[PDB]
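For reference, the structure is listed below as structure tokens.
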Amino acid sequence: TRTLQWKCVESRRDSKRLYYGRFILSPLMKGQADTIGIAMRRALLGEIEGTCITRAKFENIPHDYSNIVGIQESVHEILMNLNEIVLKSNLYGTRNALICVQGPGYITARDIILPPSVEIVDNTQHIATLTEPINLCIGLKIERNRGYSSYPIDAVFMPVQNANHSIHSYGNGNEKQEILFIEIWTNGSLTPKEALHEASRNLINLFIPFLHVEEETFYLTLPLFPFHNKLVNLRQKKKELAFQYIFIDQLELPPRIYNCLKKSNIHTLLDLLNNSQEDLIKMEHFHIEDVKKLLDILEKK
Amino acid sequence: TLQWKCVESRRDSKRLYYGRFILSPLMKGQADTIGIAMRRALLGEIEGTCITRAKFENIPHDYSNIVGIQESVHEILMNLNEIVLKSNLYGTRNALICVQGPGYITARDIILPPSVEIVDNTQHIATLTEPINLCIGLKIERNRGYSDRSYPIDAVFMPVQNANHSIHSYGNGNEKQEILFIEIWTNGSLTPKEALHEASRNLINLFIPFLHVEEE
Amino acid sequence: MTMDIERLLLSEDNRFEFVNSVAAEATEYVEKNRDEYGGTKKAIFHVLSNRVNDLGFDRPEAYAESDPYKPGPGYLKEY
Amino acid sequence: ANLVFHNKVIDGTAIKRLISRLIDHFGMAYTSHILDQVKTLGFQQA
Amino acid sequence: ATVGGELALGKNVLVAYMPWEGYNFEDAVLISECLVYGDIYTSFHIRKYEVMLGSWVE
Amino acid sequence: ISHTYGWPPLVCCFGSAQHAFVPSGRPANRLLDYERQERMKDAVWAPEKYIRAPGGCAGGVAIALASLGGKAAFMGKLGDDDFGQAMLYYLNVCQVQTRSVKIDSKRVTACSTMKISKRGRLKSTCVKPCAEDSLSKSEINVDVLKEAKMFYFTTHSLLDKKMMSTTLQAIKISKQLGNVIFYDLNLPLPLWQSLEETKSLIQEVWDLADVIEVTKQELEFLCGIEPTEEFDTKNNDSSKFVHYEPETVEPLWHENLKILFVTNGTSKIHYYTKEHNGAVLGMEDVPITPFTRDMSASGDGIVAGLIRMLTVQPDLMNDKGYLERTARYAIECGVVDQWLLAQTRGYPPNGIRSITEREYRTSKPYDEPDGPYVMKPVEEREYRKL
Amino acid sequence: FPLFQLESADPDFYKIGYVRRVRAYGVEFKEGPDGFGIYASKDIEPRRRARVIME
Amino acid sequence: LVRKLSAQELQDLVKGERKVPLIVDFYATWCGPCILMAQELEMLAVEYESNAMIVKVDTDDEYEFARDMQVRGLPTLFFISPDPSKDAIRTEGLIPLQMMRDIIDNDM
Amino acid sequence: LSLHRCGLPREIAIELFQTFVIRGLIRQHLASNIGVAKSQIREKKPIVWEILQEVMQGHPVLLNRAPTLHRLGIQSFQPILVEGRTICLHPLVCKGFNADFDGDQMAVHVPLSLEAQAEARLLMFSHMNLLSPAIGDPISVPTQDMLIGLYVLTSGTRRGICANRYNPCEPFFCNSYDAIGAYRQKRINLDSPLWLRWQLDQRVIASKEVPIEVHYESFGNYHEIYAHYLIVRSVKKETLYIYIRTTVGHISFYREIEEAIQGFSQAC
RNA sequence: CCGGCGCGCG
Ligand SMILES: Nc1ncnc2c1ncn2[C@@H]1O[C@H](CSCC[C@H](N)C(=O)O)[C@@H](O)[C@H]1O
Ligand SMILES: [Mg+2]
């Protein structure tokens with residue numbers, strides 16, 4: 001139905017923690033594919049957030065470079081294994097999880113007691129192996145963040161492993177259209193389609209602030225109310241309104257003079273008073289008769 | 001909160017506008033991506049209006065010069081390529097030049113389609129000495145930058161002459177913050193604030209389709 | 001300031017004498033008003049600006065400038 | 001500035017000769033800024 | 001510095017040979033953040049000095 | 001003074017400058033990805049019942065059109081009280097020409113004295129109207145009507161008899177001066193029952209309009225069609241987005257009608273002419289907040305985009321490609337406006353407290369000692385066997 | 001508020017000098033019936049040392 | 001505290017008698033400005049602990065009653081005077097709290 | 001970095017300027033005495049770095065490499081605070097120091113008295129030491145990477161048999177800004193030939209050669225075609241049009257130098 | 001807080 005369409009031309013789950021997806025987007029006007037590709041690549045590699053363990057707490061360890069009797073792996077190896085756990089969550093904040101098991105056996109990623117807002121991507125991820133029945137209690141800390149970073153864990157938050165894109169000529173140069181392909185590799189915390197959608201949303205949220213109102217435009221959720229409060233305060237101890245807040249619309253001017261002031265970027269009474277007669281004379285359709293009648297109108301105010 | 005502001009504005013002439021804009025606070029790495037995308041959009045995704053074709057009527061014999069005109073045909077075309085226009089036109093329209101005789105032919109002597117305006121009416125086109133009527137049929141188009149005996153004009157659709165971005169970083173310990181600066185130079189057919197808004201809208205329109213869904 | 005320093009030496013027969021006179025003037029500035037210098041205002045910069053200003057060319061006092069875009073106290077610009 | 005328009009090549013000998021002529025004509029303060037700009041341009045094109 | 005019975009003093013990293021904005025001027029090397037947060041070139045260093053065990057001194 | 005009329009052409013928006021006032025809201029269907037909705041249901045807020053408002057007031061459309069770079073003037077009345085002055089200032093700083101706004105010192109802004117009958121069931125029987133209902137025919141600014149090339153108005157102006165007379169006079173005057181009349185229905189709340197009296201009220205203004213914009217629900221109501229589709233079901237079947245044939249909209253057509261726009265939010269916009277008809281698909285998976293759930297900002301943006309594109313190229317009102325591009329532009333404008341409103345208002349947590357989307361998507365630490373996510377003292381451990 | 005409230009020499013005379021590194025500071029050239037002359041185009045504030053007028 | 005009351009209960013309340021101003025909120029669950037007005041009314045009821053009564057009537061469930069009151073949209077407030085001689089005030093839109101206080105202290 | 005600036009590590013800077021940081025702390029009443037200020041410096045308080053940054057402004061330092069073979073082996077720079085533990089050095093001053101970035105180190109010195117600071121600022125800064133005292137050649141000349149960049153930029157068009165496969169039996173731009181804008185929009189390459197309208201005097205370095213071809217029209221106008229430019233002249237009028245055949249690279253080099261001069265002139 | 005020896009870096 002749509003003239004410009006997008007579709008997933010290939011989806012592949014090579015492993016539990018490595019997803020692949022290729023997407024198409026055609027037809028694009030010449031130069032649009034390059035902009036979309038570069039912005040999408042930078043968003044995928046830098047703007048997508050992930051969740052991972054950032055802090056693990058032990059109880060009977062002198063330092064992270066020591067061993068535990070009954071566990072094959074040292075504390076450093078356990079921390080390295082904990083750093084490789086892939087989690088998924090849509091929420092922010094420093095959630096905490098718990099590892100509370102008794103050996104012997106294998107401690108996999110499905111042994112983590114997670115809060116309801118966090119999920120495990122790969123159940124089979126290894127943490128440690130218990131050879132004898134020793135107690136093992138580990139308290140974990142999980143938060144959602146971007147980029148990368150009780151023993152601290154060097155957490156890498158980027159869930160997109162790699163990205164690629166290509167641009168191909170659509171065909172005859174009627175409008176010299178183009179075809180865009182995008183390849184995304186993720187770690188399973190989100191699908192390549194989810195990564196594409198999240199990158200689009202993040203880019204839009206990055207570009208949309210310029211479409212807001214400029215800083216220091218309204219008087220300081222509902223910009224109307226603070227100015228109403230200012231007017232209410234001005235009603236008591238009557239001091240009238242400043243010329244900056246009074247616009248030339250509310251002053252009775254002939255339509256020609258109003259248009260002349262408007263296209264000269266004159267909007268408020270303060271701007272009108274700051275203007276000089278010579279500058280207004282420089283602007284056409286504005287003769288000395290207009291100058292004197294405008295001065296009379298301002299005097300009447 | 002994330003806000004933007006214009007920190008500098010100037011108008012050196014009618015065809016040279018400058019503006020400097022700010023955007024803060026931003027996270028690490030965001031300002032560079034925003035600046036790159038905005039610069040690309042400003043340089044090529046903004047539509048401009050230019051004269052793309054000229055037809056010489058009154059039988060000029062298809063020679064290098066016309067009797068009574070100081071400037072040559074190639075010189076006239078080069079002069080026409082320099083005229084700055086703004087419009088909202090869709091498709092292609094036509095403009096005409098009909099100057100009676102001796103005097104100076106400027107942009108002011110162009111009969112324009114409805115939506116087309118002229119940024120500078122003092123732009124010179126041709127000089128006439130002897131009283132000969134000159135008939136030129138101009139073809140006017142509106143296109144993106146990245147996009148019968150009639151002489152073509154190699155128009156470059158660049159309303160934004162130049163664009164730059166710079167990053168200022170600040171921090172006190174573990175919390176950082178960066179500021180984005182964007183400089184825009186336009187040829188007067190559009191203000192730097194208008195250029196910024198148009199670039200943002202074009203980028204957003206470029207990234208809307210990835211969120212499209214289809215009827216089942 | 002580099003252009004100003006070059007301009008000031010265009011009228012000096014000896015540059016060593018110029019440096020000595022600038023140092024003496026800065027020393028007098030520091031002795032007269034000790035607490036005004038050492039921070040955002042430097043005595044040698046003030047001397048150079050005054051010598052440039054004495055010719056009739058307006059310059060900021062001691063070439064003292066700050067960043068209007070600092071996001072509040074405590075934030076230090078990272079190069 | 002009445003600069004000549006080089007249209008052939010800028011090699012090591014040409015840039016050394018050009019800088020020396022700029023110091024004589026413009027001075028060390030002007031040429032110090034020209035060197036800063038040319039350094040960026042050469043790095044940007046490499 | 002030994003893997004599988006062989007001397008292993010370094011790492012295999014993706015490398016390009018091109019000038020990049022003067023940050024590899026003369027003999028400088030420009031590297032990626034992946035080598036940092038990936039712990040590709042992280043080494044343990046231990047001094048000796050003639051305090052509780054497992055303490056973070058400063 | 002036709003030589004002082006610049007570009008773009010001026011647009012006169014006739015009506016009331018209300019503050020966050022919604023005419024009505026009908027059940028609606030929007031295009032959505034439901035796998036994402038299921039996945040992000042704990043972080044993305046959605047209404048249990050999707051109900052869409054057709055838009056807002058004429059002042060909102062004037063503000064939205066100005067934000068698009070168009071020239072907009074608001075014709076209406078405001079009081080001299082603090083609320084009226086604040087509303088006038090807000091319109092002024094939004095680059096809306098307020099020289100056609102009449103200021104009345106004897107009227108109260110957004111307040112009407114009402115006489116309730118306390119014998120039978122209570123009626124209210126409006127006695128003294130509000131400030132933005134008392135614009136007389138003599139207070140109509142004719143200069144802006146000469147300058148303007150398009151006249152915009154809504155059905156909220158036909159509720160009061162004096163307001164209806166003023167609206168009729170303004171429409172007729174604009175028609176004499178060769179303006180294009182844009183009628184945005186935006187059916188008010190009391191008119192959604194007894195279709196016959198709605199037709200009786202809007203019959204005269206309907207025949208004086210060159211461009212008419214209605215919602216899908218409004219078109220079904222005016223054509224006597226009972227919605228047979230299903231609401232609030234997690235799918236995107238084409239029965240929810242049906243392009244009615246020109247025969248369905250045939251009874252509503254008249255001699256001077258040029259374009260009829262049928263909008264389904266930003267999901268789909270249908271355009272009808274006497275020679276071409278079609279629809280353009282859009283996008284409605286924008287951020288929505290309990291403070292922005294009515295989706296009236298999208299309607300205002302759509303109408304503003306339609307007006308902007310129709311005014312910039314008025315000779316292409318019959319061009320099919322230009323109509324498709326206009327519909328796409330209106331969809332984009334509505335999407336942008338809804339996104340901006342969601343960012344500005346923020347989520348619920350003048351007494352008005354709001355939290356950002358970042359705070360809304362922040363969970364509790366779950367560090368309760370009784371919780372199963374904290375290292376309890378060794379007395380109570382409850383190890384699980386491997 | 002701003003709203004409520006001897007001839008100059010040939011510009012080419014100074015322009016031909018100006019394009020050849022002639023600089024005049026705070027003064028303008030004026031012509032009268034007697035002849036040419038140099039007059040202060042503004043108020044020259046007395047500084048510590050002598051002020052440069054022309055070069 | 002604002003209590004959700006039906007058409008007949010409001011019938012009884014107005015046909016009865018009271019010594020305090022009555023503010024009736026006409027709202028719908030699908031309007032965001034209705035939620036903002038609810039926050040404003042909750043703050044006002046905090047300010048007016050017992051000297052005023054604020055009630056809410058759902059428009060979607062009392063559409064005929066809302067039409068009988070000439071409610072032309074949402075949010076809409078009705079200020080009912082305890083004195084039968086005085087007239088009721090209908091406010092359209094998200095009016096500020098100061099207007100509410102001015103109405104209650106001037107024409108209530 | 002600028003030619004007159006260097007980057008100082010935070011630890012080196014706080015060590016060298018310790019007394020000045022103590023004075024800055026005490027002066028604004030943020031330290032009770034010298035001991036309290038020293039304790040604050042030892043704790044790396046966030047306000048110590050503000051005072052250090054303030055007091056380093058306008059105070060030069062002297063850098064020095066180990067084998068000082070001539071007087072340019074020690075130079076003065078304006079220190080700025082850079083992150084890390086390394087000294088940031090300008091690339092154009094490495095030849096004077098005989099320094100490369102493969103393990104070299106430098107010593108930093110702080111002039112304390114006002115006379116020493118004046119000497120360092122007015123005699124030892126790199127912007128007044130552009131010439132070598134041995135014979136007078138420039139010492140801060142672009143080298144290596146910058147030289148290759150300039151050589152590639154100013155390497156002109158492919159010509160002759162390296163441009164056309166067969167024996168031949170280009171865009172015209174009003175100004176250089178149009179040509180560079182077309183280059184930005186990927187319409188032309190860096191070394192693609194183009195014709196540039198020239199509105200100045202003939203100042204293009206070229207071989208002293210007569211025109212290859214003169215196209216004389218019977219109406220009076222004649223076109224003189226040289227190897228690198230085209231000149232249009234007439235016998236009726238005094239008009240004279242010049243078009244230069246060049247690339248974007250030559251235009252870019254000329255604009256870079258011209259804009260450097262104009263910006264320096266405007267900034268003063 | 002003194003000197004020898006060995007190994008290195010530029
Ligand atoms: N104070 C004075 N009063 C009248 N004439 C003067 C004068 N000082 C100089 N002149 C005249 O000016 C001449 C010097 S050249 C000075 C400018 C000259 N008047 C011109 O218009 O070109 C002398 O010939 C002298 O006659
Ligand atoms: Mg070395």
Side-chain angles (χ1 to χ4, degrees), chain F residues 20-25 47-49 51 110-126 188-190 192-193 290 293-294 348 351-352, chain H residues 1-84 86-95 97 99-101 103-104 107-108:
Chain F
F21 196 65
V22 164
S24 52
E48 62 304 308
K49 274 214 37 183
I51 290 165
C111 289
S112 316
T113 86
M114 306 270 287
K115 169 89 197 146
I116 298 191
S117 182
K118 299 215 308 176
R119 300 175 188 166
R121 63 170 59 84
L122 307 82
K123 247 68 90 187
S124 59
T125 78
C126 180
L189 200 53
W192 266 101
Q193 60 249 0
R293 47 181 309 160
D294 48 75
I352 289 152
Chain H
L1 262 291
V2 196
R3 29 201 65 61
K4 186 195 161 1
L5 314 168
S6 100
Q8 50 260 19
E9 209 278 292
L10 203 50
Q11 250 70 78
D12 166 38
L13 201 296
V14 181
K15 290 191 185 203
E17 272 169 335
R18 70 218 92 80
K19 287 286 198 63
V20 286
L22 160 78
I23 323 179
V24 178
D25 176 345
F26 283 86
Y27 80 102
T29 60
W30 48 259
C31 208
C34 276
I35 313 192
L36 294 159
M37 185 51 90
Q39 283 181 350
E40 276 189 320
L41 280 168
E42 140 191 285
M43 158 141 165
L44 182 73
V46 157
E47 316 242 332
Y48 286 130
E49 319 74 314
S50 45
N51 313 353
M53 179 171 48
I54 300 165
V55 315
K56 45 184 252 176
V57 169
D58 175 277
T59 283
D60 266 27
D61 298 323
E62 331 298 302
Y63 51 106
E64 72 300 296
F65 171 55
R67 198 251 289 257
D68 279 1
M69 302 293 277
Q70 324 273 135
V71 174
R72 319 188 284 177
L74 309 154
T76 313
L77 306 176
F78 260 103
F79 290 74
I80 313 296
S81 187
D83 181 359
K86 267 219 296 281
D87 260 331
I89 312 272
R90 183 194 63 185
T91 69
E92 320 212 276
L94 201 56
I95 59 154
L97 265 173
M99 265 199 31
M100 279 147 137
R101 301 193 263 243
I103 293 168
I104 293 177
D107 46 281
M108 203 67 259

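Sequence lines set the chain letters: A, B, ... in the order given, protein chains first and strands last, and positions in each chain run from 1.
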Which heavy atom of [X] sits nearest to which heavy atom of [Y], and what is that distance?
| X | Y | answer |
| --- | --- | --- |
| H/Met37 | H/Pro75 | CB-CB, 4.1 Å |
| H/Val2 | H/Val55 | CG1-C, 3.5 Å |
| F/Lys115 | H/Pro84 | NZ-O, 4.3 Å |
| H/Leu13 | H/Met53 | CD1-CE, 3.7 Å |
| H/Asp60 | H/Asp58 | N-OD1, 2.9 Å |
| F/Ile352 | H/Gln39 | CA-OE1, 3.4 Å |

**OP:** Identify the residue among H/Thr91, H/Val71, H/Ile23 that makes a side-chain contact (heavy atoms from CB on, under 4.5 Å) with H/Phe78.
**Re:** H/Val71

**OP:** Could you check whether the rings of H/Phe65 and H/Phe26 sit parallel, tilted or perpendicular, using 30° and 60° as the cut-offs?
**Re:**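 If you compare the ring of H/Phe65 with that of H/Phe26, the planes turn out tilted.
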
Check: [Y] and [X] side chains under 4.5 Å, non-hydrogen atoms:
| X | Y | value |
| --- | --- | --- |
| F/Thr125 | H/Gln70 | no |
| H/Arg67 | F/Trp192 | no |
| F/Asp294 | H/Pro33 | yes |
| H/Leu41 | H/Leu77 | yes |
| H/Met108 | H/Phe79 | yes |
| H/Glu47 | H/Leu97 | no |
| H/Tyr48 | H/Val20 | no |
| H/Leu74 | H/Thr59 | yes |

If we ignore hydrogens and angles and just use 3.5 Å, is the side chain of [X] paired with the main-chain N or O of [Y] as donor and acceptor?
| X | Y | answer |
| --- | --- | --- |
| H/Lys15 | F/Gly120 | yes |
| F/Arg293 | H/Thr29 | yes |
| F/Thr113 | H/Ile89 | no |
| H/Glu62 | H/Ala7 | yes |

In this structure, are over 12 heavy atoms from other groups packed under 6.0 Å from [X] atom [atom1]?
| X | atom1 | result |
| --- | --- | --- |
| F/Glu48 | CD | yes |
| F/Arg121 | CZ | no |
| H/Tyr63 | OH | no |

Out of curiosity, [X] [atom1] to [Y] [atom2], how far, rounded to the nearest 0.5 Å?
| X | Y | atom1 | atom2 | value |
| --- | --- | --- | --- | --- |
| H/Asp68 | F/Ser117 | CG | OG | 11.0 Å |
| H/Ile80 | F/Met114 | CD1 | CE | 9.0 Å |
| H/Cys34 | H/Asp25 | SG | CG | 6.5 Å |
| F/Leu122 | H/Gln11 | CG | CD | 5.5 Å |
| H/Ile104 | H/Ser81 | CD1 | OG | 11.0 Å |
| H/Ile35 | H/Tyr27 | CD1 | OH | 10.5 Å |

Original post:
Taking only residues two or more places apart in sequence, or in another chain, which ones meet H/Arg90 in a side chain to side chain donor-acceptor pair (under 3.5 Å)?
Top reply: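 Residues passing side chain to side chain donor-acceptor pair (under 3.5 Å) with H/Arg90: none at all.
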
Original post:
Hey, are H/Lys4 and H/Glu9 close enough for a salt bridge, meaning a charged N less than 4.0 Å from a carboxylate O?
Top reply: no

